[PDB]
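Chains as they are written, first to last, in the entry's author numbering: chain A, 7 to 184; chain D, 7 to 184; chain C, 7 to 184; chain B, 7 to 184.
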DNA sequence: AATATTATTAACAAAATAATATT
DNA sequence: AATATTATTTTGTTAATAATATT
DNA sequence: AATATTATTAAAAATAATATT
DNA sequence: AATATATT
DNA sequence: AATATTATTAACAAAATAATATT
DNA sequence: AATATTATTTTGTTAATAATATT
C-alpha cells in the first residue's frame, strides 16, 4: 500500500507538469488561430466535426474536453459566421446534430497550410529525444492514465487522426495538400 | 530529418493528451480549495512562498506558470486578507518582495490536513501502473520536454518540494503533522 | 560526473539481468532445435543466410554474435551436410561468400512449422505488459545500449527481419507458411 | 488476441538483443577476473555468499543462474583453494551450507580495487541516456519480464546489494574501501 | 424521472496601458 | 543609449448554474 | 413521448318501471 | 293499449 | 625498390548440464 | 528431497596459410 507522503509527492509532480505543458501549448495554439477570429475551443469544434460527422453537442463536448454549455454557445456562434450546419432527427428531437459547411472545410484546409512546427515550443523541447529514439516520443504512461480516466471510446480520436492523415492528404513542396 | 506528416501526428497527439490531463487536474484542485475562498493561482502563490522565501513577483510568476499581472493583482488581494506581506529593498526600489504571514502558514497546513488522494481521478488512474512497477510512475519524457521549455532553475521546485516534505512534516495517525 | 558507487550499482543490475534473460532463452531455443542435430549458432547462421544473401564469414559472425573461427568452422560442417554452398568472387579472392541450398531452406521452413509461443517462458513473461500497453514491449533502452555498442550497421538485421517476415509469410491453420 | 506473426516478431527481437548484451558482459567479466584464477560462475558464488551468508547449494543455484550440479562442483573446487567452507545442521542433515573464509573475503576485496567502469563497454553505452535523464537507466520492462520468470525471492538479490554497498563500503582516493 | 439542451450570471486570468526607478 | 519592474486599468474565454422543451 | 395500473369520480344495448299517451 | 389520473 | 594489412583456414583448450548413484 | 558421483559435449581461444594495390 502507499504512505501519504508518496501520494502527496506524486500529485505535486503531475500537477505542475500538466500545468506547464498545457500553458505552452495554449500560447502557441492561440498565436496560430488569432487570424480568422477563432478561439481555441472553436477550432477544436471544427476539427472534431471533420473527423466525426453528425456528432451530438454532448459527443462534441466529450471529445473536445470542454463543458457542454461551452460547446452549445460556440457552435451557435459558428453558425453565425456560416461555418457549420445544425440538424435534427425525427426519431428523437431532443438531440441536436452538427455538420460542417464548405467554408469550414476551406478554413481548416487553408489553416493546415500555415502550420510551421518549428515555432511551437513543445516540438522543439521534444526534438532531443526524437534522434535518440529515432522516432518521435510516445508518452505511453500519460496514454495509460488518460485511457483510464476517459475510457476506450475517447481514445478512438487518435486512431482516426492517423487514419485520416494517411489516404486523405499528401505531401508536396514543403507543405501538405489534399 | 522529420517529415511534415510526422510532426503533425506528434503535435495533435501531445495536444489532446495535455488538454485531457490538465482539465481533470484543474477540476479536482478547485473543489478541494473552494471552502477557503482561494482560487487555483492564489494557492500556487502561497505554496511558492512557503518553498521559496523572499521571492520577487516575477520569480513567482516564473515558478507559478502565470503572467506577471495576475501575480501582482492576486498578491495584492492576499495582502488584504493578511496571508502575505510585501517588502522592498535598497539595492533597487523597483523590485517588490513577498513573504508569508503566520496566518498563511496556518492556511497551507490546514489544506494539507484536508487531503484525500482517492478523490483525485489522476491518482486512481495511476494506481494500475504502480502495481506493475512497484512505484508511482515518473514520466521521464514529459520531465525532459519540460526542462527544455522552462530551464533547470525552474526545476529546483521539485527538489525543494521533496526535501521540505521530508523534514518538517512527520507521518502519524494516517495524517501529517510537524 | 558520477560517483563510483552508482557505477557499481548499475553494473550489478545489468549483469544479473543479462544472465537471466540469456540463460532462459538459451534453454528453450536448444529444446526447439534439438531434433535436427543443430547447435544454436548453426541455426543462427542459417537464418542470417536467409535474410542477408551473399554474405561473408565476417558478416555472418558480426550479425550472429561469434568469432570468425566459430562461423567458418561451423559453416564447413553445414556445407558437408548439404545445407549451404560456398562461393568465391573474381575480385578479392580472399573473401568466401555463403548461400543457402534448397535442403537448408527445407529445414528452416519445417522448423517454423513447429514454433509454439507458449512454451517460451520469456513469451509468457511479457503478456502482463502487452495487456496494459496494448502492444508488445519495445525496450528502447536496451536497444539503445546494443546499438551504441555494435553500431547502426549491425542493427540493420532487425529491420530486415521485420520486413522479410511480414511479406513472405502468411498464417494457415494457425501455423506460418510461405 | 495475438497473431503468431506478432509472437515471432517479438521472439526474434528479444533473442538477438539478449544474446548481444550477454556476449559483451561475458567478454569483460572474464578479463576482470582472469588474473585471479577464477571463472565467471565461481566469482558469482563468492559474491552470493557475501550477501546471503548461510545458504544451500540449491539456493546459490537459484540466485546465480545455474544448475545444482554446477554449484556443488564449483564450490568443492573453491573449498580446495581454501576460499569457502562447508557446514551441516542437525535438524535436517541432507542439506549442505556454505560460508566465506577470510581468503575469499580477500579476493573479493582485492578485486573491488581493480574496478574501472570506463573499460567495460555497457557502461559506455549507457552514458548518453544518463546525460539526458540525469540518472542511470532502470530498464523497468526487463525487470518485469525477469520477475515474471524468476519469482520475487530471486529479486531480493538486488535489494541486498543496494543496501550493503551503501553501508559497508566508503568512497575515497577515487576508489571504494571499507 | 430522466434526457437532451438552451438561455443567462459570475469569475478567472491575461492583454494592453501608466508610471516610478537603476545608472 | 533607452530599459526594467512594477502597478494601474483596459478584455474575452469558458463554465456554473437556472429555465425549457422533448422522450 | 412512452409506459401503466391502482382508484376517484367522473362521465353501449337491453330491460324494466312508471308515466303520460 | 300506447306513450314517455399516475410514474419513469 | 620500398611499404602494410587484410580475410580466411587449421588446431587446441575449455565448460555445463545430463544423466547417475547414495543419507 | 537434497545432495554427492560420474558421463557428454559447443562455444570460443590461439597457430598457419594465402590474397591486393599504393607511396
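Backbone N, C-alpha and C define an ideal beta-carbon position, used for all residues, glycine too.
Which of helix, strand or coil DSSP assigns to residue i
i, result
"residue 71 (chain A)", "coil"
"residue 78 (chain A)", "helix"
"residue 103 (chain A)", "strand"
"residue 177 (chain B)", "strand"
"residue 172 (chain A)", "strand"
"residue 92 (chain B)", "strand"
"residue 44 (chain A)", "coil"
"residue 62 (chain B)", "strand"
Supposed contact pair residue j and residue i - C-beta distance, whole angstroms, cut 8 Å
i, j, result
"residue 117 (chain D)", "residue 55 (chain D)", "Rounded, the Cβ-Cβ distance is 14 Å, inconsistent with contact."
"residue 42 (chain D)", "residue 58 (chain D)", "Not confirmed; about 21 Å, so no contact."
"residue 164 (chain D)", "residue 17 (chain A)", "Incorrect: roughly 12 Å between the Cβ atoms, too far for contact."
"residue 21 (chain C)", "residue 155 (chain B)", "With 8 Å as the limit, residue 21 (chain C) and residue 155 (chain B) do not qualify as a contact, their Cβ atoms being about 17 Å apart."
"residue 24 (chain B)", "residue 15 (chain C)", "That belief does not hold up - the Cβ atoms of residue 24 (chain B) and residue 15 (chain C) are roughly 22 Å apart, past 8 Å."
"residue 74 (chain D)", "residue 29 (chain A)", "Actually they do not touch by this definition, with Cβ atoms about 14 Å apart."
"residue 49 (chain A)", "residue 63 (chain A)", "17 Å between Cβ atoms; not a contact."
"residue 123 (chain B)", "residue 13 (chain C)", "4 Å"
"residue 31 (chain D)", "residue 11 (chain A)", "Actually they do not touch by this definition, with Cβ atoms about 20 Å apart."
Cβ neighbour criterion (16 or more within 10 Å) applied to residue i
i, result
"residue 8 (chain D)", "exposed"
"residue 143 (chain B)", "buried"
"residue 152 (chain C)", "buried"
"residue 60 (chain A)", "exposed"
"residue 51 (chain A)", "buried"
"residue 180 (chain B)", "exposed"
"residue 176 (chain D)", "exposed"
"residue 185 (chain C)", "Missing from the structure shown is residue 185 (chain C); chain C here goes from 7 to 184 and no further."
"residue 131 (chain C)", "buried"
Candidates the options, of which the one nearest residue i by Cα
i, options, result
"residue 178 (chain A)", "A:64, A:61, A:119 and A:166", "A:119"
"residue 36 (chain D)", "D:156, D:133 and D:121", "D:121"
"residue 104 (chain D)", "D:137, D:97, D:93 and D:114", "D:93"
"residue 47 (chain D)", "D:66, D:138, D:133 and D:98", "D:66"
"residue 158 (chain A)", "C:97, C:99 and C:138", "C:138"
"residue 89 (chain B)", "B:124, B:100 and B:53", "B:53"
"residue 44 (chain D)", "D:114, D:97, D:99 and D:123", "D:114"
"residue 140 (chain C)", "A:98, A:161 and A:101", "A:161"
TODO: Decide yes or no for the touch test of the stretch 82-98 of chain C against the stretch 146-153 of chain C: beta carbon pairs closer than 8 Å, at least 3 of them.
DONE: no
Open item on the list: Taking 8 Å as the cut-off, does the stretch 67-78 of chain C touch the stretch 109-129 of chain C (at least 3 CB pairs, one atom from each stretch)?
Closed with: no
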